[PDB]
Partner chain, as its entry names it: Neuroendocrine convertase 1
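What follows is a single chain, given as structure tokens, in the form deposited without its partner chain.
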């Protein structure tokens, strides 16, 4: 093995770095893992398959055009370069190495495809078709779509896309499960809270946020409990950005935002799957939880959970660490069957007013086939009315004492629609024992005299025994 010779590899600071402050990818490459035999697909605005840094790894089997209903995902060219995004992301995962062009992908011997699906009317059906493309050929899908990041919207996948996620993790990859890697959002300026985005807030998506070069939470970041982990992206004008393949056969040094983080995660996950091709979609999430690193990341909300792991709403479990992922993968015992324990918490509706606390001691399906002693994801499915949605903050405390923020104040959100059986998800209690007293807190963070009612609280616990 030799370090890549590509002309912009030194500029790929999140990989080539020798300041400790990187994704630890060289360590995986040096162990011999570069993505061989793994297939990744970018679900976005298309892919420039003839790009000099992509063509060598391009895989028609991983690509389709859902907008035009044909096999060729080539993007449309416009003056504003609207359809540059998929090509940028594809390069992050799998740009060719050692070919004197631009930089390299994290998984530079992986095969890369794209689905052209954003350049047209994006319906539920379009989404489902993209998520379900060739599920026994493609291992890993990477995407960043979701509701407008205006800090006012609550929305997620409709029925067909939800069913495709489920079919994907259930039946995809010969039963091991499609790995759906997701960006958590770019609505930071608008105080958006990513549990209001049902794509990233899903248990089926392995969700990723960003850190700046100097290890800070970028302006565009959204915090939420559903995020699992972090990769580097852009920041302020003194901090470097993402260097990758661009539209028109170019090399950009200015790829930005959380949408640039998901593809780096996708690449790391490809290296990890190469290291253990029998990892299931849940195994992969477990690896990310166990091996991600808080160390060099600055946040004001780091907290240690019931099993001793540091976790943040901006960063999840911290920065992905490819070396550690590959290492743990090689020793990993695949997890037991997923259990789901559904607990109806409320016996009557509760007035919210200025503040509401709901406490309930649960057995987590003790005595039954869905008894859970080792949590993975938890959801609080809430139905409530409120006069000004964004003034609410909502927290969930596990019996072991871990406080998850389910919803932070979203000052721009003046909706009077409340939440209709909305599943807020947290990863922060992973591996805890969910038996005992859970506490739900709903608070009016404004000085306004606000009012509403909580009419349903379903606690949904996932995990093993």
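Positions refer to the first chain, counted from 1.
J.: Going by the mean C-alpha B-factor recorded in the entry, which is higher: 407 to 415 or 53 to 61?
T.: Here the higher of the two C-alpha B-factor means belongs to 53 to 61.
J.: So, looking at the entry's B-factor column for Cα atoms, which has the higher mean, 391 to 399 or 335 to 343?
T.: In the deposited entry, the stretch with the higher C-alpha B-factor mean is 335 to 343.
J.: Please work out which residue in 101, 161, 378, 264 has the highest C-alpha B-factor recorded for this crystal structure.
T.: When the deposited C-alpha B-factors of 101, 161, 378, 264 are compared, 101 is largest.
J.: If you check the C-alpha B-factor for each of 43, 439, 27, 40 in the entry, which is highest?
T.: Of 43, 439, 27, 40, 27 has the highest C-alpha B-factor.
J.: Quick check on the deposited entry: does the C-alpha B-factor of residue 214 sit in the lowest, middle or highest third of its chain?
T.: Within its chain, residue 214 is a middle-third residue by C-alpha B-factor, going by the deposited values.
J.: C-alpha B factor of residue 96, ranked within the chain: lowest, middle or highest third?
T.: Middle third.
J.: Hey, what third does residue 185 fall into on Cα B-factor, ranked over its chain?
T.: For residue 185, whose C-alpha B-factor we compare with every modelled residue in the chain, the answer is the middle third.
J.: Would you mind checking where the Cα B-factor of residue 286 ranks among the modelled residues of its chain, as the lowest, middle or highest third?
T.: Lowest third.
J.: Using only modelled residues of the chain, where does the Cα B factor of residue 321 rank: lowest third, middle third or highest third?
T.: According to the entry, residue 321 has a C-alpha B-factor in the chain's lowest third.
What comes next is about the form solved in complex with its partner chain, which is not displayed.
J.: 3, 13 and 98 - do all three of these have some heavy atom no more than 4.5 Å from its partner chain in the deposited bound form?
T.: No, the whole trio is out of contact, none within 4.5 Å by any heavy atom.
J.: Select from the listed residues 306, 135, 215, 323 the one whose heavy atoms reach within 4.5 Å of its partner chain in the deposited bound form.
T.: Checking each option against its partner chain in the deposited bound form, the one that comes within 4.5 Å is 135.
J.: To verify the annotation, which of these, 221, 200, 272, 87, has a non-hydrogen atom within 4.5 Å of its partner chain in the deposited bound form?
T.: Selected option: 200.
J.: Looking at 364 to 372, 236 to 244, 315 to 323, 162 to 170, which one sits within 4.5 Å of its partner chain in the deposited bound form if you count heavy atoms only?
T.: In short, 162 to 170.
J.: At the 4.5 Å heavy atom threshold, is residue 103 in contact with its partner chain in the deposited bound form?
T.: So residue 103 does not count as contacting its partner chain.
J.: Would you please decide whether residue 249 lies within 4.5 angstroms of its partner chain in the deposited bound form, comparing each non-hydrogen atom pair?
T.: No, residue 249 sits far enough from its partner chain in the deposited bound form that none of its heavy atoms falls within 4.5 Å.
J.: Classify residue 145 as contacting or not contacting its partner chain in the deposited bound form by the rule of any non-hydrogen atom within 4.5 angstroms, answering yes or no.
T.: Because a heavy atom of residue 145 falls inside 4.5 Å of its partner chain in the deposited bound form, the answer is yes.
J.: I'd like to know if residue 310 sits close to its partner chain in the deposited bound form, meaning any non-hydrogen atom pair within 4.5 angstroms.
T.: The answer is no: residue 310 has no heavy atom within 4.5 Å of its partner chain.
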